[PDB]
Amino acid sequence: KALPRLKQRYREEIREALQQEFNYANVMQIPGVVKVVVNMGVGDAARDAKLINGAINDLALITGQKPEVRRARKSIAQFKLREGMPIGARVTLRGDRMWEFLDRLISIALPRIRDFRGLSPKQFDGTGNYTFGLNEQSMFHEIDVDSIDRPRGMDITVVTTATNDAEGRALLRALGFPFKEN
Amino acid sequence: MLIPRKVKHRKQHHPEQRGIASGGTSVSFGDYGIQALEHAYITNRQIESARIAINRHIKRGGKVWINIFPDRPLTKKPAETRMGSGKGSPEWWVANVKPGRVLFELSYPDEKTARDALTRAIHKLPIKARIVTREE
Amino acid sequence: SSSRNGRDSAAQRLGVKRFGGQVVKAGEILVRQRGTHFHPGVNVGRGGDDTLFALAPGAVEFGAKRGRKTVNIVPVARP
Amino acid sequence: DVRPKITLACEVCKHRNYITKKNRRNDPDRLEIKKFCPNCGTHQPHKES
Amino acid sequence: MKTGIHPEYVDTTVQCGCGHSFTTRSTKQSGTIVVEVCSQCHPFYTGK
RNA sequence: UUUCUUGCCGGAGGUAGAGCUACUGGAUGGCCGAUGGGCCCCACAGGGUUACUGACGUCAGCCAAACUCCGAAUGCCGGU
RNA sequence: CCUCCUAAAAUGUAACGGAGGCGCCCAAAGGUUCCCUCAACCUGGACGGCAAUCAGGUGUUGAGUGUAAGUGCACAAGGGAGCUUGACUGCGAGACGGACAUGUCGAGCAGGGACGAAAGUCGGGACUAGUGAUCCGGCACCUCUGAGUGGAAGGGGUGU
Ligand SMILES: [Mg+2]
Ligand SMILES: [Mg+2]
Ligand SMILES: [Mg+2]
Ligand SMILES: [Zn+2]
Ligand SMILES: [Zn+2]
């Protein structure tokens with residue numbers, strides 16, 4: 001009896017739109033969205049570890065799930081990094097949580113980018129995956145404007161069942177992403 | 001003066017002079033070559049001398065290949081020393097040469113000076129050698 | 001005029017002790033080895049230091065199993 | 001010494017049953033461990049002496 | 001969904017300066033978020 | 001007769017030999033050309049250039065007591 | 001004392017022959033149950049660059065195994081998590097190796113435990129170094145002895 005709006009807008013007509021656009025052999029061929037992954041690559045926590053607390057708090061407040069701390073898998077002095085210290089936080093969004101989250105992204109956070117000129121269509125993987133980084137965290141209304149001690153951006157990765165760039169871009173355009181044209 | 005960039009082991013047992021060659025027994029890059037008919041360690045100074053002799057007799061044209069590389073080290077003890085107290089220090093580089101091995105290779109327009117240069121090189125080697133050509 | 005070498009350990013007398021076809025009692029050491037160059041088969045156990053020993057009387061038989069060298073004990077019959 | 005020899009006694013009958021080694025810098029405290037004590041006939045807690 | 005280790009999630013409602021309202025969920029405990037510029041209110045999405 | 005010799009049968013090797021796009025190294029000549037040098041534009045963004053140094057790959061010919069995808073003859077253990 | 005080559009395809013084999021390591025460490029890096037698969041490269045990503053964290057793909061072993069080298073290990077002995085102390089007591093058929101003294105493996109039985117639904121595994125660590133005979137003496141415990149007798153001193157046994 002509960003159904004998120006983006007899930008509905010997908011199910012009712014993106015199915016038929018993509019089917020008539022690409023003439024698939026059958027229904028299961030139609031590309032869909034699997035998961036969206038949000039992480040803060042802190043890195044600079046090597047000097048001081050308390051940056052991770054702010055990072056995880058921001059991820060929790062923007063995603064509704066607490067993140068997990070990603071430790072260093074190698075030791076590198078050039079960055080002054082040893083085995084296993086808090087370096088980043090990840091959040092994996094699946095299901096209706098992912099659906100309403102990226103609805104919120106596509107409708108609220110992105111318009112609040114300062115001088116939003118668009119997202120490059122050429123940001124895709126070549127296997128149907130879209131990833132884009134972000135320079136600031138103040139766009140989400142769910143962070144108080146006085147909560148920012150310092151700026152901390154994110155990487156957002158969207159994983160789809162698209163075979164490659166064509167259908168990946170088509171699905172994301174149909175979803176309402178603000179792409180450019182060049 | 002050919003020396004390997006590095007070796008895994010600086011001190012090694014002597015190469016064995018048994019049998020006849022099984023690889024590199026035919027002329028492959030040039031038109032004529034020098035084939036060995038004896039067993040002998042061939043040092044890099046001998047190779048240098050033979051290469052210089054061929055180059056001098058051939059002058060401008062022609063190209064010369066050296067299919068033999070001295071990567072095997074030989075050691076000698078300091079002089080006036082009694083036996084014992086460890087192994088010597090490496091101060092020769094040789095390549096083990098069996099009969100049938102083709103050592104040098106020449107590609108030149110004219111047969112007479114080709115063979116003459118090859119003979120000049122042969123006279124600098126410590127082995128009995130002969131000149132061979134691609135045709136059977 | 002001295003060498004930094006010259007020191008060595010004792011030989012540990014490893015190797016196969018009972019070859020194929022020999023009759024062994026239970027608990028006899030069949031092969032002394034470092035790794036698992038041979039793996040235990042039927043009625044053959046593996047010691048702490050990787051020696052294979054018979055678990056039951058019979059006749060030693062070597063073999064292979066999925067590319068692994070194995071040692072087995074064949075249950076010799078009654079006289 | 002860093003890794004000295006410690007001796008563990010049963011908490012009940014106070015018999016010195018086992019001797020072992022531990023890193024004193026890593027473990028400045030006495031070692032609590034459950035070990036079999038023969039005369040007691042059962043597993044009793046042991047403490048470093 | 002683990003027991004209580006996550007920040008709480010509340011059904012919310014978003015209304016814009018364009019007068020258009022949503023129905024969604026977020027961590028905003030007040031249950032409603034007011035925004036100035038929305039999707040149909042941005043020049044890029046309007047084509048300007 | 002358990003010893004020994006001969007025939008047969010069952011065994012486990014890693015030497016001699018050989019092989020290397022089968023590993024770790026060494027190493028010859030090409031083809032291609034990253035990178036860098038310098039030249040060439042000169043902006044310092046924006047592009048074509050070069051005795052060259054020439055990665056990676058690839059075609060052919062090679063080497064090794066401490067190399068091995070391979071691998072004898074003898075010898076050794078057991079049965080008969 | 002341990003590892004490799006010399007060492008001549010069982011074992012063993014010398015030289016002031018060729019190369020290295022050890023006189024430790026871990027209360028978890030031990031026991032058990034359960035799950036997982038690296039390195040490298042390509043592509044895309046905010047600071048971020050060859051290389052930090054994230055995503056997709058190719059990738060059967062080239063990573064890693066506390067520490068040398070070799071033999072092993074991808075079925076994992078490599079990576080992760082929960083519980084835990086078997087890094088036990090009394091023993092031990094049968095073996096390897098050996099001048100001797102040393103040294104090494106061991107199924108299985110009983111007690112009392114850990115883990116596991118169970119089968120089962122557990123008498124330290126993937127394996128091989130990390131050590132010192134005897135005498136003399138110290139400490140703890142024992143239903144041993146006690147120089148006429150009761151004690152005691154001293155002496156024995158077991159662990160160290
Ligand atoms: Mg995809
Ligand atoms: Mg001559
Ligand atoms: Mg030393
Ligand atoms: Zn007790
Ligand atoms: Zn609006």
# chains A, B, ... in the order shown; residues from 1 in each chain; ligands from 1
>>> select_by_dssp(residues="chain E", states="strand (DSSP E)", output="list in words")
residues 10, 11, 12, 13, 14, 15, 24, 25, 26, 32, 33 and 34 of chain E
>>> residues_around(residues="residue 62 in chain F", least_positions_apart="5", cutoff="10 Å", atoms="only C-alpha atoms (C1' of nucleotides)", output="PyMOL selection string")
(chain B and resi 23-24+67-69) or (chain F and resi 27-28)
>>> write_last_selection(atoms="N, CA, C and O atoms (P, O5', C5', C4', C3', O3' and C1' of nucleotides)", output="PDB file, in the first residue's frame")
ATOM      1  N   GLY B  23      71.398 -25.267 -29.839  1.00  0.00           N
ATOM      2  CA  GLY B  23      70.693 -24.061 -30.232  1.00  0.00           C
ATOM      3  C   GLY B  23      71.641 -23.073 -30.882  1.00  0.00           C
ATOM      4  O   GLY B  23      72.837 -23.060 -30.592  1.00  0.00           O
ATOM      5  N   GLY B  24      71.096 -22.238 -31.758  1.00  0.00           N
ATOM      6  CA  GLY B  24      71.918 -21.287 -32.480  1.00  0.00           C
ATOM      7  C   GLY B  24      72.943 -21.941 -33.378  1.00  0.00           C
ATOM      8  O   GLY B  24      74.083 -21.470 -33.454  1.00  0.00           O
ATOM      9  N   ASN B  67      75.933 -13.114 -31.699  1.00  0.00           N
ATOM     10  CA  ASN B  67      74.953 -13.993 -31.075  1.00  0.00           C
ATOM     11  C   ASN B  67      75.427 -14.563 -29.761  1.00  0.00           C
ATOM     12  O   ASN B  67      74.703 -15.342 -29.138  1.00  0.00           O
ATOM     13  N   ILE B  68      76.616 -14.184 -29.320  1.00  0.00           N
ATOM     14  CA  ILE B  68      77.232 -14.743 -28.128  1.00  0.00           C
ATOM     15  C   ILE B  68      77.437 -13.618 -27.127  1.00  0.00           C
ATOM     16  O   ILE B  68      78.070 -12.607 -27.442  1.00  0.00           O
ATOM     17  N   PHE B  69      76.896 -13.785 -25.924  1.00  0.00           N
ATOM     18  CA  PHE B  69      77.043 -12.772 -24.895  1.00  0.00           C
ATOM     19  C   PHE B  69      77.793 -13.341 -23.698  1.00  0.00           C
ATOM     20  O   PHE B  69      77.390 -14.378 -23.151  1.00  0.00           O
TER      21      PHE B  69
ATOM     22  P     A F  27      71.571  -8.136 -18.941  1.00  0.00           P
ATOM     23  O5'   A F  27      71.506  -8.704 -20.423  1.00  0.00           O
ATOM     24  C5'   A F  27      72.634  -9.341 -20.995  1.00  0.00           C
ATOM     25  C4'   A F  27      72.271 -10.082 -22.254  1.00  0.00           C
ATOM     26  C3'   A F  27      71.501  -9.295 -23.296  1.00  0.00           C
ATOM     27  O3'   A F  27      72.322  -8.442 -24.069  1.00  0.00           O
ATOM     28  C1'   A F  27      70.476 -11.384 -22.997  1.00  0.00           C
ATOM     29  P     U F  28      71.655  -7.311 -24.984  1.00  0.00           P
ATOM     30  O5'   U F  28      71.599  -7.979 -26.422  1.00  0.00           O
ATOM     31  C5'   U F  28      72.779  -8.456 -27.044  1.00  0.00           C
ATOM     32  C4'   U F  28      72.489  -8.994 -28.419  1.00  0.00           C
ATOM     33  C3'   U F  28      71.592  -8.136 -29.288  1.00  0.00           C
ATOM     34  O3'   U F  28      72.275  -7.053 -29.888  1.00  0.00           O
ATOM     35  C1'   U F  28      70.868 -10.372 -29.394  1.00  0.00           C
TER      36        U F  28
END
>>> closest_residue(among="G:141, G:54, G:76, G:16", to="ligand 4", atoms="only C-alpha atoms (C1' of nucleotides) and all ligand atoms")
G:141
>>> residues_near_ligand(ligand="ligand 2", cutoff="6 Å", atoms="only C-alpha atoms (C1' of nucleotides) and all ligand atoms", output="list in words")
residues 122, 123, 124, 125, 126, 127 and 128 of chain B
>>> residues_around(residues="range 23-25 of chain C", least_positions_apart="6", cutoff="12 Å", atoms="only C-alpha atoms (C1' of nucleotides)", output="list in words")
residues 17, 43, 44, 53, 54, 55, 56, 57, 58, 59, 60, 61, 72, 73, 74, 75, 76 and 77 of chain C; 78 and 79 of chain F; 93, 94, 95 and 107 of chain G
>>> select_by_dssp(residues="range 7-178 of chain A", states="alpha helix (DSSP H)", output="PyMOL selection string")
chain A and resi 7-9+15-22+51-63+95-104+165-175
>>> write_last_selection(atoms="C-alpha atoms", output="short mmCIF file (atom, residue, chain, number, x, y, z; two decimals), in the first residue's frame")
data_model
loop_
_atom_site.label_atom_id
_atom_site.label_comp_id
_atom_site.auth_asym_id
_atom_site.auth_seq_id
_atom_site.Cartn_x
_atom_site.Cartn_y
_atom_site.Cartn_z
CA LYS A 7 9.41 4.00 -8.01
CA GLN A 8 5.91 4.64 -9.35
CA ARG A 9 7.12 6.98 -12.09
CA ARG A 15 9.16 0.45 -18.85
CA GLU A 16 7.09 1.11 -21.96
CA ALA A 17 9.12 4.16 -23.00
CA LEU A 18 12.41 2.25 -22.99
CA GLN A 19 10.79 -0.82 -24.54
CA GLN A 20 9.51 1.17 -27.51
CA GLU A 21 12.74 3.17 -27.72
CA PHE A 22 15.14 0.21 -27.83
CA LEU A 51 37.16 14.62 10.99
CA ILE A 52 35.56 11.19 10.65
CA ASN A 53 32.96 12.06 13.29
CA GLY A 54 31.69 15.02 11.30
CA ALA A 55 31.81 12.98 8.11
CA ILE A 56 29.72 10.12 9.53
CA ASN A 57 27.27 12.55 11.14
CA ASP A 58 26.71 14.30 7.81
CA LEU A 59 26.24 11.02 5.93
CA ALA A 60 23.81 9.82 8.59
CA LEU A 61 21.77 13.01 8.40
CA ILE A 62 21.63 12.98 4.58
CA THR A 63 20.93 9.27 4.04
CA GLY A 95 15.21 -0.11 -2.34
CA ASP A 96 12.73 2.58 -1.41
CA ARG A 97 15.36 4.37 0.67
CA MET A 98 17.53 4.79 -2.42
CA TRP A 99 14.47 5.76 -4.44
CA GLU A 100 13.33 8.62 -2.22
CA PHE A 101 16.92 9.67 -1.56
CA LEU A 102 17.77 10.20 -5.19
CA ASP A 103 14.37 11.80 -5.70
CA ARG A 104 15.44 14.27 -3.01
CA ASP A 165 26.52 4.29 -22.02
CA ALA A 166 23.55 4.60 -24.38
CA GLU A 167 20.92 2.99 -22.15
CA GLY A 168 22.55 4.32 -18.99
CA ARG A 169 22.26 7.89 -20.24
CA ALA A 170 18.75 7.25 -21.56
CA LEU A 171 17.52 5.91 -18.22
CA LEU A 172 19.08 8.77 -16.28
CA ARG A 173 17.64 11.38 -18.66
CA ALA A 174 14.22 9.75 -18.36
CA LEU A 175 14.65 9.89 -14.60
#
>>> residues_near_ligand(ligand="ligand 3", cutoff="10 Å", atoms="only C-alpha atoms (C1' of nucleotides) and all ligand atoms", output="list in words")
residues 4, 5, 6 and 7 of chain C; 20, 21 and 22 of chain G
>>> residues_near_ligand(ligand="ligand 1", cutoff="9 Å", atoms="only C-alpha atoms (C1' of nucleotides) and all ligand atoms", output="ChimeraX atom specification")
/A:31-34,125-130,158-165,168 /G:56
>>> write_last_selection(atoms="N, CA, C and O atoms (P, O5', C5', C4', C3', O3' and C1' of nucleotides)", output="PDB file, in the first residue's frame")
ATOM      1  N   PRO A  31      16.614  -1.834 -18.711  1.00  0.00           N
ATOM      2  CA  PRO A  31      17.524  -1.363 -17.654  1.00  0.00           C
ATOM      3  C   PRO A  31      16.772  -0.792 -16.463  1.00  0.00           C
ATOM      4  O   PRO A  31      15.680  -0.240 -16.601  1.00  0.00           O
ATOM      5  N   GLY A  32      17.372  -0.928 -15.285  1.00  0.00           N
ATOM      6  CA  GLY A  32      16.804  -0.399 -14.060  1.00  0.00           C
ATOM      7  C   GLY A  32      17.895   0.069 -13.117  1.00  0.00           C
ATOM      8  O   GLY A  32      19.081  -0.107 -13.386  1.00  0.00           O
ATOM      9  N   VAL A  33      17.481   0.666 -12.001  1.00  0.00           N
ATOM     10  CA  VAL A  33      18.445   1.178 -11.032  1.00  0.00           C
ATOM     11  C   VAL A  33      18.615   0.174  -9.900  1.00  0.00           C
ATOM     12  O   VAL A  33      17.634  -0.307  -9.320  1.00  0.00           O
ATOM     13  N   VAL A  34      19.869  -0.140  -9.571  1.00  0.00           N
ATOM     14  CA  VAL A  34      20.179  -1.174  -8.589  1.00  0.00           C
ATOM     15  C   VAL A  34      20.469  -0.558  -7.229  1.00  0.00           C
ATOM     16  O   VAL A  34      19.792  -0.864  -6.243  1.00  0.00           O
ATOM     17  N   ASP A 125      30.485   5.273 -16.916  1.00  0.00           N
ATOM     18  CA  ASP A 125      31.559   4.293 -16.835  1.00  0.00           C
ATOM     19  C   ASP A 125      31.958   3.730 -18.187  1.00  0.00           C
ATOM     20  O   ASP A 125      33.141   3.464 -18.418  1.00  0.00           O
ATOM     21  N   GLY A 126      30.999   3.538 -19.082  1.00  0.00           N
ATOM     22  CA  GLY A 126      31.163   2.656 -20.216  1.00  0.00           C
ATOM     23  C   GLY A 126      30.507   1.313 -20.014  1.00  0.00           C
ATOM     24  O   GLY A 126      30.448   0.516 -20.957  1.00  0.00           O
ATOM     25  N   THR A 127      30.033   1.035 -18.803  1.00  0.00           N
ATOM     26  CA  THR A 127      29.236  -0.145 -18.512  1.00  0.00           C
ATOM     27  C   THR A 127      27.882   0.204 -17.914  1.00  0.00           C
ATOM     28  O   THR A 127      27.254  -0.659 -17.293  1.00  0.00           O
ATOM     29  N   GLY A 128      27.426   1.439 -18.067  1.00  0.00           N
ATOM     30  CA  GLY A 128      26.127   1.845 -17.588  1.00  0.00           C
ATOM     31  C   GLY A 128      26.091   2.383 -16.178  1.00  0.00           C
ATOM     32  O   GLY A 128      25.014   2.414 -15.575  1.00  0.00           O
ATOM     33  N   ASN A 129      27.226   2.804 -15.633  1.00  0.00           N
ATOM     34  CA  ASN A 129      27.316   3.288 -14.265  1.00  0.00           C
ATOM     35  C   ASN A 129      27.640   4.770 -14.265  1.00  0.00           C
ATOM     36  O   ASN A 129      28.523   5.218 -15.000  1.00  0.00           O
ATOM     37  N   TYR A 130      26.931   5.526 -13.435  1.00  0.00           N
ATOM     38  CA  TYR A 130      27.114   6.966 -13.349  1.00  0.00           C
ATOM     39  C   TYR A 130      27.673   7.328 -11.985  1.00  0.00           C
ATOM     40  O   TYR A 130      27.114   6.936 -10.958  1.00  0.00           O
ATOM     41  N   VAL A 158      25.784   5.914  -9.045  1.00  0.00           N
ATOM     42  CA  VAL A 158      24.519   5.274  -9.370  1.00  0.00           C
ATOM     43  C   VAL A 158      24.811   4.047 -10.219  1.00  0.00           C
ATOM     44  O   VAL A 158      25.416   4.157 -11.290  1.00  0.00           O
ATOM     45  N   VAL A 159      24.387   2.883  -9.734  1.00  0.00           N
ATOM     46  CA  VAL A 159      24.612   1.601 -10.387  1.00  0.00           C
ATOM     47  C   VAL A 159      23.312   1.152 -11.024  1.00  0.00           C
ATOM     48  O   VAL A 159      22.298   1.001 -10.336  1.00  0.00           O
ATOM     49  N   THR A 160      23.339   0.931 -12.332  1.00  0.00           N
ATOM     50  CA  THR A 160      22.158   0.512 -13.065  1.00  0.00           C
ATOM     51  C   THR A 160      22.455  -0.773 -13.824  1.00  0.00           C
ATOM     52  O   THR A 160      23.611  -1.149 -14.037  1.00  0.00           O
ATOM     53  N   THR A 161      21.388  -1.449 -14.233  1.00  0.00           N
ATOM     54  CA  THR A 161      21.497  -2.649 -15.046  1.00  0.00           C
ATOM     55  C   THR A 161      21.722  -2.343 -16.514  1.00  0.00           C
ATOM     56  O   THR A 161      21.607  -3.248 -17.347  1.00  0.00           O
ATOM     57  N   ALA A 162      22.033  -1.099 -16.854  1.00  0.00           N
ATOM     58  CA  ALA A 162      22.289  -0.755 -18.240  1.00  0.00           C
ATOM     59  C   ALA A 162      23.567  -1.421 -18.731  1.00  0.00           C
ATOM     60  O   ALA A 162      24.594  -1.439 -18.050  1.00  0.00           O
ATOM     61  N   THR A 163      23.489  -1.982 -19.933  1.00  0.00           N
ATOM     62  CA  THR A 163      24.644  -2.627 -20.538  1.00  0.00           C
ATOM     63  C   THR A 163      25.773  -1.646 -20.818  1.00  0.00           C
ATOM     64  O   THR A 163      26.937  -1.976 -20.571  1.00  0.00           O
ATOM     65  N   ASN A 164      25.468  -0.445 -21.300  1.00  0.00           N
ATOM     66  CA  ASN A 164      26.521   0.524 -21.568  1.00  0.00           C
ATOM     67  C   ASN A 164      25.946   1.940 -21.606  1.00  0.00           C
ATOM     68  O   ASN A 164      24.813   2.196 -21.176  1.00  0.00           O
ATOM     69  N   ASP A 165      26.757   2.857 -22.142  1.00  0.00           N
ATOM     70  CA  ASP A 165      26.522   4.292 -22.020  1.00  0.00           C
ATOM     71  C   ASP A 165      25.170   4.706 -22.579  1.00  0.00           C
ATOM     72  O   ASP A 165      24.492   5.555 -21.997  1.00  0.00           O
ATOM     73  N   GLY A 168      22.350   3.650 -20.267  1.00  0.00           N
ATOM     74  CA  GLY A 168      22.553   4.320 -18.992  1.00  0.00           C
ATOM     75  C   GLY A 168      22.136   5.778 -19.043  1.00  0.00           C
ATOM     76  O   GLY A 168      21.359   6.253 -18.203  1.00  0.00           O
TER      77      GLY A 168
ATOM     78  P     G G  56      30.384  -2.423  -7.735  1.00  0.00           P
ATOM     79  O5'   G G  56      30.654  -2.609  -9.289  1.00  0.00           O
ATOM     80  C5'   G G  56      29.629  -2.345 -10.232  1.00  0.00           C
ATOM     81  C4'   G G  56      30.162  -2.305 -11.640  1.00  0.00           C
ATOM     82  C3'   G G  56      31.086  -3.435 -12.044  1.00  0.00           C
ATOM     83  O3'   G G  56      30.404  -4.639 -12.338  1.00  0.00           O
ATOM     84  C1'   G G  56      31.987  -1.391 -12.782  1.00  0.00           C
TER      85        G G  56
END
>>> residues_around(residues="residue 34 in chain B", least_positions_apart="4", cutoff="12 Å", atoms="only C-alpha atoms (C1' of nucleotides)", output="short mmCIF file (atom, residue, chain, number, x, y, z; two decimals) with N, CA, C and O atoms, in the first residue's frame")
data_model
loop_
_atom_site.label_atom_id
_atom_site.label_comp_id
_atom_site.auth_asym_id
_atom_site.auth_seq_id
_atom_site.Cartn_x
_atom_site.Cartn_y
_atom_site.Cartn_z
N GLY B 24 71.10 -22.24 -31.76
CA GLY B 24 71.92 -21.29 -32.48
C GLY B 24 72.94 -21.94 -33.38
O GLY B 24 74.08 -21.47 -33.45
N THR B 25 72.57 -23.02 -34.06
CA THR B 25 73.47 -23.75 -34.92
C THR B 25 73.35 -23.35 -36.39
O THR B 25 74.02 -23.95 -37.23
N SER B 26 72.52 -22.37 -36.71
CA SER B 26 72.33 -21.94 -38.08
C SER B 26 72.36 -20.42 -38.17
O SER B 26 72.03 -19.72 -37.21
N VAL B 27 72.77 -19.93 -39.34
CA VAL B 27 72.82 -18.49 -39.57
C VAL B 27 71.41 -17.95 -39.74
O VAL B 27 70.62 -18.49 -40.52
N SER B 28 71.08 -16.90 -39.00
CA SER B 28 69.70 -16.45 -38.91
C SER B 28 69.45 -14.98 -39.23
O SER B 28 68.42 -14.68 -39.84
N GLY B 30 72.07 -12.61 -40.57
CA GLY B 30 72.88 -12.15 -41.67
C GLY B 30 73.01 -13.19 -42.78
O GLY B 30 72.30 -14.19 -42.82
N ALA B 50 87.47 -9.19 -32.22
CA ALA B 50 86.94 -9.73 -33.46
C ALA B 50 85.95 -8.76 -34.11
O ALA B 50 85.96 -8.57 -35.33
N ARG B 51 85.08 -8.14 -33.30
CA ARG B 51 84.13 -7.18 -33.83
C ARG B 51 84.85 -5.99 -34.46
O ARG B 51 84.47 -5.54 -35.54
N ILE B 54 86.36 -7.09 -37.86
CA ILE B 54 85.37 -7.16 -38.93
C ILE B 54 84.96 -5.76 -39.37
O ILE B 54 84.87 -5.48 -40.57
N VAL B 64 76.71 -6.14 -38.49
CA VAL B 64 77.34 -7.26 -37.81
C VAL B 64 76.55 -7.61 -36.56
O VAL B 64 76.21 -6.73 -35.76
N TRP B 65 76.26 -8.90 -36.40
CA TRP B 65 75.56 -9.42 -35.23
C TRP B 65 76.51 -10.23 -34.37
O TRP B 65 77.42 -10.88 -34.89
N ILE B 66 76.29 -10.20 -33.06
CA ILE B 66 77.06 -11.00 -32.11
C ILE B 66 76.06 -11.84 -31.33
O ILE B 66 75.42 -11.35 -30.40
N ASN B 67 75.93 -13.11 -31.70
CA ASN B 67 74.95 -13.99 -31.07
C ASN B 67 75.43 -14.56 -29.76
O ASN B 67 74.70 -15.34 -29.14
N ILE B 68 76.62 -14.18 -29.32
CA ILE B 68 77.23 -14.74 -28.13
C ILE B 68 77.44 -13.62 -27.13
O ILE B 68 78.07 -12.61 -27.44
N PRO B 99 80.97 -26.71 -30.23
CA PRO B 99 80.96 -26.84 -31.69
C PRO B 99 79.54 -26.87 -32.23
O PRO B 99 78.62 -27.39 -31.60
N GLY B 100 79.37 -26.28 -33.40
CA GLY B 100 78.06 -26.07 -33.97
C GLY B 100 77.46 -24.71 -33.67
O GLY B 100 76.52 -24.30 -34.34
N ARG B 101 77.99 -24.01 -32.67
CA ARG B 101 77.51 -22.69 -32.33
C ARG B 101 77.94 -21.69 -33.39
O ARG B 101 79.10 -21.67 -33.80
N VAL B 102 77.00 -20.86 -33.84
CA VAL B 102 77.30 -19.77 -34.75
C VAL B 102 77.53 -18.52 -33.92
O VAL B 102 76.63 -18.08 -33.20
N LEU B 103 78.72 -17.95 -34.01
CA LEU B 103 79.13 -16.87 -33.12
C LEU B 103 78.78 -15.50 -33.69
O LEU B 103 77.99 -14.76 -33.10
N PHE B 104 79.36 -15.16 -34.83
CA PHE B 104 79.20 -13.86 -35.46
C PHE B 104 78.38 -14.01 -36.74
O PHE B 104 78.22 -15.10 -37.28
N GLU B 105 77.86 -12.88 -37.21
CA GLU B 105 77.01 -12.90 -38.39
C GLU B 105 77.24 -11.63 -39.18
O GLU B 105 77.29 -10.54 -38.60
N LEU B 106 77.36 -11.77 -40.49
CA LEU B 106 77.68 -10.66 -41.37
C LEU B 106 76.70 -10.62 -42.53
O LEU B 106 76.29 -11.65 -43.05
N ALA B 114 83.36 -10.03 -47.64
CA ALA B 114 82.63 -10.66 -46.55
C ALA B 114 83.46 -11.78 -45.93
O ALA B 114 83.70 -11.80 -44.71
N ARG B 115 83.93 -12.71 -46.76
CA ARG B 115 84.71 -13.83 -46.25
C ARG B 115 86.04 -13.36 -45.67
O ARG B 115 86.52 -13.93 -44.69
N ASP B 116 86.64 -12.34 -46.27
CA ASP B 116 87.92 -11.85 -45.75
C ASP B 116 87.76 -11.27 -44.35
O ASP B 116 88.57 -11.54 -43.46
N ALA B 117 86.71 -10.47 -44.14
CA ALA B 117 86.46 -9.94 -42.80
C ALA B 117 86.18 -11.07 -41.81
O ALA B 117 86.67 -11.05 -40.67
N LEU B 118 85.40 -12.06 -42.23
CA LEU B 118 85.10 -13.17 -41.33
C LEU B 118 86.37 -13.92 -40.95
O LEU B 118 86.55 -14.30 -39.79
N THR B 119 87.28 -14.13 -41.90
CA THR B 119 88.55 -14.77 -41.59
C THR B 119 89.37 -13.92 -40.62
O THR B 119 89.98 -14.45 -39.68
N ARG B 120 89.41 -12.60 -40.85
CA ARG B 120 90.13 -11.72 -39.94
C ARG B 120 89.62 -11.87 -38.52
O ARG B 120 90.41 -11.89 -37.57
N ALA B 121 88.31 -11.96 -38.36
CA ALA B 121 87.75 -12.18 -37.03
C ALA B 121 88.15 -13.54 -36.48
O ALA B 121 88.51 -13.66 -35.31
N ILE B 122 88.12 -14.57 -37.32
CA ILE B 122 88.43 -15.92 -36.86
C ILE B 122 89.84 -15.98 -36.30
O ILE B 122 90.10 -16.67 -35.31
N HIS B 123 90.77 -15.26 -36.92
CA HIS B 123 92.15 -15.32 -36.45
C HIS B 123 92.32 -14.72 -35.06
O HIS B 123 93.39 -14.86 -34.47
N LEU B 125 90.09 -15.41 -32.51
CA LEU B 125 89.38 -16.28 -31.59
C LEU B 125 90.26 -17.44 -31.16
O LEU B 125 91.18 -17.83 -31.88
N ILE B 127 89.53 -20.54 -31.06
CA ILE B 127 88.95 -21.79 -31.53
C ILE B 127 89.22 -21.97 -33.01
O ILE B 127 89.52 -21.03 -33.74
N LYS B 128 89.13 -23.22 -33.44
CA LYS B 128 89.01 -23.53 -34.86
C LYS B 128 87.59 -23.21 -35.30
O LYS B 128 86.63 -23.65 -34.68
N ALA B 129 87.47 -22.46 -36.39
CA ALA B 129 86.15 -22.01 -36.82
C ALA B 129 86.08 -22.07 -38.33
O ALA B 129 87.10 -22.15 -39.02
N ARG B 130 84.86 -22.04 -38.84
CA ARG B 130 84.62 -22.04 -40.27
C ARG B 130 83.49 -21.08 -40.61
O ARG B 130 82.70 -20.70 -39.75
N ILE B 131 83.43 -20.70 -41.87
CA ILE B 131 82.44 -19.76 -42.36
C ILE B 131 81.29 -20.54 -43.00
O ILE B 131 81.52 -21.42 -43.84
N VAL B 132 80.06 -20.22 -42.60
CA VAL B 132 78.87 -20.90 -43.09
C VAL B 132 77.92 -19.86 -43.67
O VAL B 132 77.98 -18.67 -43.35
N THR B 133 77.01 -20.34 -44.51
CA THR B 133 76.11 -19.51 -45.29
C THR B 133 74.70 -20.13 -45.22
O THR B 133 74.55 -21.30 -44.86
N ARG B 134 73.68 -19.34 -45.55
CA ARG B 134 72.29 -19.74 -45.37
C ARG B 134 71.90 -20.98 -46.18
O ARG B 134 71.04 -21.74 -45.73
#
>>> interface_residues(of="chain G", to="chain B", cutoff="9 Å", atoms="only C-alpha atoms (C1' of nucleotides)", output="list in words")
residues 15, 16, 17, 18 and 19 of chain G
>>> closest_residue(among="B:39, B:57, B:112, B:72", to="chain F", atoms="only C-alpha atoms (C1' of nucleotides)")
B:72
